[PDB]
Amino acid sequence: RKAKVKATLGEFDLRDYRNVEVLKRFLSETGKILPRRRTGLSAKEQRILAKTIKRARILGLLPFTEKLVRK
Amino acid sequence: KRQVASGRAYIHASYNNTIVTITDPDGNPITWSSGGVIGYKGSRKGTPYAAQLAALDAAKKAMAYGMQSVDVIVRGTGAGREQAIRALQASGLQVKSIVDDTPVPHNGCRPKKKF
Amino acid sequence: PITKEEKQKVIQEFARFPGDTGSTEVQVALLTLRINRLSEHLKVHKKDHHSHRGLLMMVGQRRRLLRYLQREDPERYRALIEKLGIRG
RNA sequence: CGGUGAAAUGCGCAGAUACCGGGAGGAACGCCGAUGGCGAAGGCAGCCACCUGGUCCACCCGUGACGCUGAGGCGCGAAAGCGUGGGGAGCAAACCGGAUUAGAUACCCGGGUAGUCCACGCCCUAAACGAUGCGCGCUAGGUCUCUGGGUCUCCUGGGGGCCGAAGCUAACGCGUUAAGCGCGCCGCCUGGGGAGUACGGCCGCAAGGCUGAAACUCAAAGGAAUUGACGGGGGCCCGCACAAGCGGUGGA
Ligand SMILES: [Mg+2]
Ligand SMILES: [Mg+2]
Ligand SMILES: [Mg+2]
Ligand SMILES: [Mg+2]
Ligand SMILES: [Mg+2]
Ligand SMILES: [Mg+2]
Ligand SMILES: [Mg+2]
Ligand SMILES: [Mg+2]
Ligand SMILES: [Mg+2]
Ligand SMILES: [Mg+2]
Ligand SMILES: [Mg+2]
Ligand SMILES: [Mg+2]
Ligand SMILES: [Mg+2]
Ligand SMILES: [Mg+2]
Ligand SMILES: [Mg+2]
Ligand SMILES: [Mg+2]
Ligand SMILES: [Mg+2]
Ligand SMILES: [Mg+2]
Ligand SMILES: [Mg+2]
Ligand SMILES: [Mg+2]
Ligand SMILES: [Mg+2]
Ligand SMILES: [Mg+2]
Ligand SMILES: [Mg+2]
Ligand SMILES: [Mg+2]
Ligand SMILES: [Mg+2]
Ligand SMILES: [Mg+2]
Ligand SMILES: [Mg+2]
Ligand SMILES: [Mg+2]
Ligand SMILES: [Mg+2]
Ligand SMILES: [Mg+2]
Ligand SMILES: [Mg+2]
Ligand SMILES: [Mg+2]
Ligand SMILES: [Mg+2]
Ligand SMILES: [Mg+2]
Ligand SMILES: [Mg+2]
Ligand SMILES: [Mg+2]
């Protein structure tokens, strides 16, 4: 239990593909859509999120991929 | 001839050989070096030592073009990718950043038989 | 698709008495709809082989209901067929 | 540079590789992604909208036995493969060249045509597998999971898994997702090899497919489980076994 992104957030719309400030938090240091293990999301939730992020990337708002910066 | 203050150190390590080119902050290469340029033949180029060599010579040629600092970009999994870095790190160039940008296809060309 | 409004007007058309949400005639009717509706889709999409499957099922079902009605009340069978133009 | 155990073929001073920017093209969609979902099967995953099938739950409103199965028929049917046309990045039968090896004529490396991709028409086979036909009723429970409903501690449906009562089984195993207890209906089996061969018939442009023998010959062919042995299988352990040494044999 490193940190669950379900808790660090109030309530939001999972079908909202424009809410970058939320969505941003379900991706990794790379653009990669986090695993349900780190998202804490339901089984149904994760599939919905999944599509919303895809929609939003295609819109230009979220990244397909990043580059890992050795921090 | 030219004078290059800061720059880029690109490190592309294969399982077979590790190449390091150094460029200007616009990304155009200045001098480069590999494991074979060091003067190795086959199996031996792809080696944490061969790579420690490739990097050192790369920065050697470089600091003669006035090189002072470098941002580092590694592309690839492979031997002495890590050695190439540390070689750069302790070469006399101040290492501003390190990044990995190994190209991962988002599922495109069917690979060769042995993958 | 078929909107509720559309289908409801079919129901009321064949309804054997005020409120009959589903006698034989009505079932055949609503089914006859869905079939033409789907058949038309299949003139355009000859590759939707999978949806054709459901069409045989719909058709075959329509036959068994009629088959029943023919035995049951042969008059309401003439009526229902003519009033929908079937068997051909 | 690439490439392998090592290496060459190949590519490179017509400037390759590595690096930045521009453009064209094809084909497949990383993360989500699951041991998950949907489908009758074959099969189906970037995103969007349109057209469309199956399906589950609640309400218990309508019909009033209208049901189940199904020879033949008809349709679907992975991959490869056939015909015409388009397309061709990557890959890659055959084929070309490098190595390996006693010899490779394969496994490894560098190339490369069909093909892989789209449309249309064919082909119709499979370890097409749950190797388990469909439908219905009956026979403890536990646990994990996808997905509905409720007076949502828990209760109640429909899927998907694991473990198990009774029972069944040659055993392995199955066990409310039955391989248990029963009824209905279909398909199929009747010793191994010969053989999915022959002949005949049907389909096919072809490749070939479906249907399918006997003579002969063997006395077994088989399934599961047991002990052992062996493995260029795994795990732990030991011996001067290797290693670390000291001194020799092999020569005279
Ligand atoms: Mg480029
Ligand atoms: Mg082209
Ligand atoms: Mg299924
Ligand atoms: Mg399958
Ligand atoms: Mg009622
Ligand atoms: Mg009555
Ligand atoms: Mg009544
Ligand atoms: Mg039926
Ligand atoms: Mg039937
Ligand atoms: Mg086919
Ligand atoms: Mg094909
Ligand atoms: Mg062709
Ligand atoms: Mg052609
Ligand atoms: Mg050869
Ligand atoms: Mg080859
Ligand atoms: Mg090739
Ligand atoms: Mg019920
Ligand atoms: Mg439930
Ligand atoms: Mg269940
Ligand atoms: Mg069991
Ligand atoms: Mg028992
Ligand atoms: Mg049952
Ligand atoms: Mg049986
Ligand atoms: Mg016989
Ligand atoms: Mg015999
Ligand atoms: Mg046969
Ligand atoms: Mg055959
Ligand atoms: Mg056969
Ligand atoms: Mg014949
Ligand atoms: Mg012919
Ligand atoms: Mg057959
Ligand atoms: Mg056996
Ligand atoms: Mg052993
Ligand atoms: Mg010794
Ligand atoms: Mg000695
Ligand atoms: Mg002697």
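Phi-derived couplings, Karplus 6.51 cos²θ - 1.76 cosθ + 1.60 at θ = phi - 60°, listed residue by residue for region B:75-89: 10, x, 8, x, 5, x, 4, 5, 5, 4, 4, 3, 5, 4, 3 Hz, with x used for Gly and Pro.
Rounded to the nearest 5, the antiparallel percentage of DSSP beta bridges internal to the protein assembly as shown is 55%. Assuming a ≥ b ≥ c are the square roots of the Cα gyration tensor eigenvalues, decide whether the protein assembly as shown counts as rounded (a/c under 1.5), prolate (otherwise, with a/b larger than b/c) or oblate. Prolate shape, in that a/c is at least 1.5 and a/b is the bigger ratio.
Sparse packing (at most 11 other Cβ atoms within 10 Å of the Cβ) combined with a DSSP loop state is found for the following trypsin sites (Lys or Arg not before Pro) in region C:1-47: C:46, C:47. 3J(HN,Hα) along region A:43-48: 6, 6, 4, 4, 7, 6 Hz, from the Karplus curve 6.51 cos²θ - 1.76 cosθ + 1.60 with θ = phi - 60°, whole Hz, x for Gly and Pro. The Cα atoms of chain A give a gyration tensor whose axes a ≥ b ≥ c have a/c of 1.5 or more with a/b no greater than b/c, which makes the shape oblate. Compared with the dominant principal axis of the Cα atoms in chain B, helix B:48-63 is inclined by about 30°. Shown here for region B:22-115: trypsin sites (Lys or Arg not before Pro) in loop regions (DSSP other than H, G, I, E, B) with at most 10 other Cβ atoms within 10 Å, namely B:41, B:112, B:113, B:114.
For residue B:18, nonlocal amide neighbours, meaning residues 5 or more places apart or on other chains whose placed amide H falls under 5 Å from its own, are B:35, B:47. Karplus-derived 3J(HN,Hα) values for region A:51-56, using 6.51 cos²θ - 1.76 cosθ + 1.60 with θ = phi - 60°, are 6, 4, 3, 4, 3, 6 Hz; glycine and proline are entered as x.
Listed by number, the DSSP H helices of chain C that run 15 Å or longer by alpha-carbon position along their axis and have mean Kyte hydropathy of at least -0.5 are C:24-44. Taking amide H as placed 1.01 Å from N in the peptide plane, residue B:31 has its amide H under 5 Å from the amide H of B:22, each at least 5 places away in sequence or on another chain. Here chain A and region B:56-78 have alpha carbon centers that stand 36 Å from each other. Using only the Cα atoms of region B:16-102, build the gyration tensor, take square roots of its eigenvalues as a ≥ b ≥ c, and label the shape rounded, prolate or oblate: rounded if a/c is under 1.5, else prolate if a/b is larger than b/c, else oblate. Taking the square roots of the gyration eigenvalues as a ≥ b ≥ c, region B:16-102 is prolate. Close amide H pairs (under 5 Å, H built 1.01 Å from N) link residue B:11 with B:73, B:74, B:75, residues at least 5 positions away or on another chain.
Quick one: of the DSSP bridges fully inside chain B, what percent are antiparallel, nearest 5? Walk me through the numbers on the way to the answer.
Working: 10 of 20 bridges.
That works out to approximately 50 percent antiparallel.
None of the figures in this text is laboratory data; all of them are computed from the coordinates on show. Using ideal geometry, Cβ is built from the backbone for each residue, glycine included, and neighbour counts are taken over all protein chains shown.
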